[PDB]
Amino acid sequence: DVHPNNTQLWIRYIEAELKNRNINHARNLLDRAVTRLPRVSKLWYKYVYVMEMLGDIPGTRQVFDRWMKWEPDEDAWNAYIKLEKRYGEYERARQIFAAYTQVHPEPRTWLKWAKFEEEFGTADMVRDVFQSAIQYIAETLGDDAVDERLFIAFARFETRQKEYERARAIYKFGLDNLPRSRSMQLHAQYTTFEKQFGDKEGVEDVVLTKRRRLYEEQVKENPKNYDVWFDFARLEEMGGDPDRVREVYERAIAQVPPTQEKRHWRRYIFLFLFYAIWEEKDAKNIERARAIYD
Amino acid sequence: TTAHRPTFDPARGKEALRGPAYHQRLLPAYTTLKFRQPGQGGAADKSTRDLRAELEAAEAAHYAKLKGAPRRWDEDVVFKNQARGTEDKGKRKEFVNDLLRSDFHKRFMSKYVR
Amino acid sequence: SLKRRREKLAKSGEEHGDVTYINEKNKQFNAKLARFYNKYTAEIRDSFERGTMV
Amino acid sequence: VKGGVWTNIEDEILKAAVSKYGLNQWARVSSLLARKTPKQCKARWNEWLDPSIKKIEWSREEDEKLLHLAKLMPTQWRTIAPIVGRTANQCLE
Amino acid sequence: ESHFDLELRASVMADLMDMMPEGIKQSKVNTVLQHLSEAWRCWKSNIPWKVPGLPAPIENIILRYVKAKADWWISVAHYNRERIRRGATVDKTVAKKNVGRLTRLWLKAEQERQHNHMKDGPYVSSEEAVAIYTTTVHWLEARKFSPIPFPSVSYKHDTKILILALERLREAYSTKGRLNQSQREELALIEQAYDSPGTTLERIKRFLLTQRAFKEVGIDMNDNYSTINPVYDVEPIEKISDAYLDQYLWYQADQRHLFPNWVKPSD
Amino acid sequence: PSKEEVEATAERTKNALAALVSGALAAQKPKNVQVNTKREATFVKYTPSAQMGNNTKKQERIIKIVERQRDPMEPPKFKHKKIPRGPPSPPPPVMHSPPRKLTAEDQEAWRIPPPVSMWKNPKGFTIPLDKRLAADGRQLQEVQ
Amino acid sequence: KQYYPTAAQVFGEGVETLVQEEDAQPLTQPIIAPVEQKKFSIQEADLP
Amino acid sequence: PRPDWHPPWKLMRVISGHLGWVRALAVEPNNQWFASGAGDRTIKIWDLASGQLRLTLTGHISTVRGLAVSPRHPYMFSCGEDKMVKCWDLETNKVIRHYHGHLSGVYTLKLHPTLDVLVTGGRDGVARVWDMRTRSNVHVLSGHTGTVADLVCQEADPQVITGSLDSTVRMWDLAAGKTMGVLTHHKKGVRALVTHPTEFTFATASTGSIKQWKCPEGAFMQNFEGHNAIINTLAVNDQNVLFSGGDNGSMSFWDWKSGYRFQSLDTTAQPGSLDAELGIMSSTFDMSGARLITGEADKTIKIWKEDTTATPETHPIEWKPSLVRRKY
């Protein structure tokens, strides 16, 4: 009466009854306490734990069902999935993931469902879980807000299944349909995938794209890092895309050193020297080389 | 010594005791309510937009009225003109939200501590 | 829980170094003060150890 | 009489009394040190026993600062001493 | 005052409970009310209050309410001084409380003035100071003033000067029923100076030659009900030296004509 | 609600509150002599139920109830008593939104320093001098 | 010495700052004026 | 529900003169003056158009926390932290009645819209229903376990709604003096309540949370999300502008129907103020809704008005029908 909403007090009373074996008194207190405080997960955890100690697994399921009506957090949904996995009801745990993804539709819970189905289901149901996650997060959050974690986990599941073409298709689709700032790790996983299973030309293709993006970030931070410019220069020359190499050298030239020190002008004039050597030995553009020198 | 203590649980208001009427507590006084008369307003609503209109009318009237809309004895000495720029104090009165630095408090301490 | 209560009573009854207190509640309060404030009072503590400097 | 030299007994009792009584109860502190006045106990804390008092030898920068300030604000030792960083009696001596 | 404290404590506590994030352990909040009391005492003593590691929202609550209490306390000081000056109250406790409040306020203002002098420099400009000094030297050179010497070892009027000084301090003790420790020791120092005038004179002249750092001076306020004024409590051994110097300087300035006729009060 | 529902509400509540105002007035001013001249009788029709132990039906009853003539000089009969107030009505379910997820850094950011007073020591503790001088900023204070 | 900026600096240009430390009207002047009749002759209510 | 457009508000006038925090505000029913109640123990009457000080009334010995000007009587009612509830006759500028009986400081005072009834709430945990004429305390609305911080009176059941620092709101049957319902949705102390003038709904404010409720059953409507502050005040227009005013000095303007926050800003502290002294402590609109009056912990009254030059294309509504799961 003085402290109606005190968790410590409710636990003391419940435990006094349980210690002195007044099980029915204690269960009345547990119903009263989770009625009084339905967002205090301690009282819900104590009640499910007590029923599992008493061996009433239907009673434990009853308490958990009332909790799920209150729509608790992810730890309570996980605890109830783990109850059904403890006692062997994988279809009942499948039903709990259905409700769980409705309440907590984050990538975390979808990936937990996918790992569950990889252990206790079929590859078709793992694929259905992944497709449903992509579709749900697309239709709710938008098509650019689907997560690279979903795409990576789907591709890695197919790689485990030895569906290398399906894994490559998933990686390529995610990279094509996501922004690069939120497909960084998708591209890193794609690079490791091609180093593991792709052919050689695919390996230097994906390494070229990865290092190109890394050097682009480094230039975006420091526009005047001349050795970075030289390495990205050599990367583009080994790639062999002529308009790209010309654009890279033109941006490098436009990066004019504001300091008039000859100690920086060494490397800047040297950069002109490599633009000349590329459009003398690879592009074979003599007029362009003359324009470079002029 | 915990005899002298703070209050963590202040006294809760109670329903009155109920019983027969013997003790005299509250002598009758002002036993008639006054009501707002004709000309005293109160029970006079116009409208929201009407009240808005008289509000900016009155406020614009106040703003418009503010704006105006219809060898020498004193050359022997050593220090000169030392009180220029002193009488020119008094342009605008500044309220200061720090009592110990207000002009009121400075005046008070000058008057009373000597 | 009772066992942890016994163990912490014993380790609190142990005394390493200088007595700065006059009873048990004072000892507990001084330990709490050390837990909170020692990261701010190290120079003053060094001064009280050696006898000088700020 | 109430005064004289400060001994180790008196200084240690003064520190323990300050640890019980703080620094605003010098009459209680002196009541423990009943050979000294409350003013003397306070002066002993302020001029010797306060832990911010440097009793190490003066550096050359400190000496230059002390002479420079004693030239600027003459014989004003209570003013000079916080700027130098030592006590007024230390600066004067 | 007891009621104001009850209301203030309830307000600070309600603010702190509503400020605390859900899930922080919230037993020690009465701790914050102890910090509030200490901050108020720090304000009254003009001591900067700065608890290391106190969370900033809690500090903001305490600073806000210490200022509000300070505003109420100062307004009551103003109101009670106006009542005392008017004579509208004869409550002796109200008068001694009000004099305590005005003493604390005056010393806060005085610390701020001293600090402002150190920060904003000498207010007298160097040109003004040189002009004042030059006027003084030209005056004293025109009056042919002979500067007052340091008192000799064998100054022929030392005993009379010292006896005048000690009589002044003893008559400051004349009508006294209860004496405190410093009062009894100053009486003892005066009778020792009576018994050994030569030794006291040597000690005084040694102090005047050597001492440049002095004891703390107590300050109180004397209430006149219209104004209050500061009263200074100087160490007795220093007071004997100062009274000797006072009598000596007055006698030497009288003999050397330092003060012209317009300077009043005149003997 | 419409004007008719507002006026029905105002009438019902004005009647209930007016009865309580009359009660409060008669409590605040006892009416000098507590006798009434208008001491008429109430009649009550009284159909009884059976009995303690008998289930035979018995006769319908007309009750004449009058308020008793009490002596106007009498003080009240019974001394009042202090009884603790009873428990509240059964507290409702606490309908809070899901709890805020806090970090250990949030807990650390709201921990509160133990106050060491420079004036007060109600329990007479002996505080170490560094702890006593920790909250002083006069060690911090810099003079130029 | 000025320790603080002016209210015009604190609040900007389009903000009107009012320092009101004195009442416009006395305590004897009622906030709501009572209705007085001001009868200075004993005139009959109706025709007698 | 798409928000309606509302112009932003901007600071029109700053009034100084109280020597304490401005804790109470009341506008007289003909929109010519307003009263302010402050921690300097005082009640000031200000001309609304010029913002000008007509009168200072003393008569509380603590902070004035509650002010009401009667629409049917020439009375203003003041409640304060000195436990006192006073009726002021405005035809004499004098206190004429007390409503004595709160055990501690009185935080909130409201007049009944149709009955000659006052309701106060205080630190003694109760709302007290007073008969205005007889000064009679006809109900002690009991059941809260903390201070009754705020309170509203309606003309239909539930006629009294109290919000309390025990984090709880109670709707009360005023005829029987009993609780019809308890709302336990707020996690912190309920400091502000407001009813809508033209639809039968109310809003409650605790720390970081504004809830809207349908009368008479108290059904939950919507949350005004995003004002992360202790909210001291709520004010509502008849043009569906809700103002929330926060103890740290932060202000939000919301569309009432949709819950959309169309303006956020902070108030400014008067010179001399500490940064700890930024805070809105009281608020009302004027009788027309065109002026917001706030009383602030920097001891000021601030008058806010809508920006006349603003346009739905100058200040567009940045609201998209969101599509996430608000985990309620």
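So you know, we letter chains A, B, ... as the sequences are listed, proteins then strands, and number each from 1.
- Under the 4.0 Å criterion applied to side-chain N and carboxylate O atoms, E:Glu1 and E:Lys97 are assigned as salt-bridge partners.
- Formation of a donor-acceptor pair under 3.5 Å by the H:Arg41 side chain with backbone atoms of H:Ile61 is found in this model.
- Formation of a donor-acceptor pair under 3.5 Å by the E:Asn180 side chain with backbone atoms of E:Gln183 is found in this model.
- Within the 3.5 Å criterion, the main-chain N or O of F:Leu129 finds no donor-acceptor partner in the side chain of D:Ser19.
- Inspection of the E:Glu185 and E:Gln181 side chains reveals an N or O donor paired with an N or O acceptor under 3.5 Å.
- For E:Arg85 and E:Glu82, the salt-bridge test passes: some basic side-chain N is under 4.0 Å from an acidic carboxylate O.
- Without hydrogens or angle criteria, D:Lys55 side chain to C:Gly51 main chain gives a donor-acceptor distance under 3.5 Å.
- Side chains of E:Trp250 and E:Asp254: no donor on one and acceptor on the other come within 3.5 Å.
- A salt bridge links E:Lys239 with E:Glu186: at least one charged nitrogen is closer than 4.0 Å to a carboxylate oxygen.
- E:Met118 has its side chain within reach of D:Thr79: a pair of non-hydrogen atoms, C-beta onward, lies under 4.5 Å apart.
- Between D:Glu47 and D:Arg78 there is a salt bridge, since a side-chain N of the basic residue sits under 4.0 Å from a carboxylate O of the acidic one.
- A salt bridge between E:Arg168 and E:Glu171 is present, with a side-chain N of the basic residue lying under 4.0 Å from a carboxylate O of the acidic one.
- A cation-pi arrangement, defined by a distance under 6.0 Å to the six-membered ring centre and an angle within 45 degrees of its axis, is absent between D:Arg28 and D:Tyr21.
- By the 4.0 Å N-to-carboxylate-O rule, E:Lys50 lies close enough to E:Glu59 to be salt-bridged with it.
- For the atom pair CG (D:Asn24) and OG (E:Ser45), the distance works out to 7.0 Å, reported to the nearest 0.5 Å.
- Here D:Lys65 does not pair with D:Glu62 in a salt bridge; the nearest charged N to carboxylate O distance is not below 4.0 Å.
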E:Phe214 and D:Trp77: CA distance, side-chain angles, deciding distance, ring-ring contact (aromatic ring centres under 6.0 Å, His included) verdict: CA-CA 9 Å; E:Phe214 300 96; D:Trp77 295 108; over 10 Å; no

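- In this structure, F:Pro115 and E:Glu38 have side chains that are not in contact, with every pair of non-hydrogen atoms separated by 4.5 Å or more.
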Decide salt bridge (charged side-chain N to carboxylate O under 4.0 Å, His left out) for C:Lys27 and C:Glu24; before the verdict, give the C-alpha distance in whole Å, the side-chain angles of both, and the deciding distance to 0.1 Å. CA-CA 5 Å; C:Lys27 185 169 169 64; C:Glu24 186 36 41; 5.8 Å; no

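- Between B:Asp103 and the choices B:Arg101, B:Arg107, B:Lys106, the salt bridge (charged side-chain N to carboxylate O under 4.0 Å, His left out) rule is met once, by B:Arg107.
- In this structure, the side chains of E:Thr200 and E:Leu166 stay at 4.5 Å or more apart for every pair of heavy atoms.
- Using cut-offs of 30° and 60° for the angle between ring planes, the E:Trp72 and E:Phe4 rings count as parallel.
- Between E:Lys69 and E:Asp5 there is no salt bridge, since none of the side-chain N atoms of the basic residue sits less than 4.0 Å from a carboxylate O of the acidic one.
- Side-chain atoms of E:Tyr123 and E:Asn116 include no donor-acceptor pair closer than 3.5 Å.
- Side-chain atoms of D:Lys20 come within 3.5 Å of backbone atoms of F:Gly124 as a donor-acceptor pair (strictly under, hydrogens ignored).
- At least one donor-acceptor pair closer than 3.5 Å links the side chain of C:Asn30 to the backbone N or O of C:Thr20.
- Between E:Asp158 and E:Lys205, at least one side-chain nitrogen of the basic residue sits less than 4.0 Å from a carboxylate oxygen of the acidic one, meeting the salt-bridge criterion.
- Donor-acceptor pairing under 3.5 Å is recorded for the side chains of E:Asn80 and E:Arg83.
- When side chains are defined from C-beta on, D:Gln90 does not count as touching D:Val84, because their heavy atoms never get closer than 4.5 Å.
- For D:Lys39 (side chain) and E:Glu216 (main-chain N/O), a donor-acceptor pair under 3.5 Å exists by modelled atom type.
- Formation of a donor-acceptor pair under 3.5 Å by the F:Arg132 side chain with backbone atoms of F:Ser117 is found in this model.
- Between E:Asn46 and E:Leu107, the closest side-chain pair of non-hydrogen atoms is not below 4.5 Å.
- By the 30° and 60° cut-offs, the orientation of the rings of E:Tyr248 relative to E:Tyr155 is perpendicular.
- A salt bridge is defined here as a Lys NZ or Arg NE, NH1 or NH2 lying under 4.0 Å from an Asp or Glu carboxylate O, and D:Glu10 with D:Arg44 fails to meet this definition.
- Without hydrogens or angle criteria, F:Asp130 side chain to C:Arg45 main chain gives no donor-acceptor distance under 3.5 Å.
- No cation-pi contact links D:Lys36 to D:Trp26, judged by a cut-off of 6.0 Å to the six-membered ring centre and 45° from its axis.
- Within the model, atoms CG of D:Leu66 and CH2 of D:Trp58 stand 5.0 Å from one another, a figure rounded to the nearest 0.5 Å.
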As a quick check of understanding, evaluate side-chain hydrogen bond (donor to acceptor under 3.5 Å, both in side chains) for E:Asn224 and E:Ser226, giving each step before the final call. CA-CA 5 Å; E:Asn224 315 308; E:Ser226 289; over 6 Å; no

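- Salt-bridge check for E:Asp71 with E:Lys67: failed, with every basic side-chain N at 4.0 Å or more from each acidic carboxylate O.
- Here the side chains of C:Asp46 and C:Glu49 are in contact, with some heavy-atom distance below 4.5 Å.
- Under the 4.5 Å side-chain criterion, counting only non-hydrogen atoms from C-beta, E:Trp73 is in contact with E:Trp43.
- Side chain of C:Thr41 to backbone of C:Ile44: no donor-acceptor contact under 3.5 angstrom is found.
- Salt bridge absent: E:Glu167 and E:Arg170 never bring a charged side-chain N and a carboxylate O closer than 4.0 Å.
- A donor-acceptor contact closer than 3.5 angstrom is absent between the side chains of E:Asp220 and E:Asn222.
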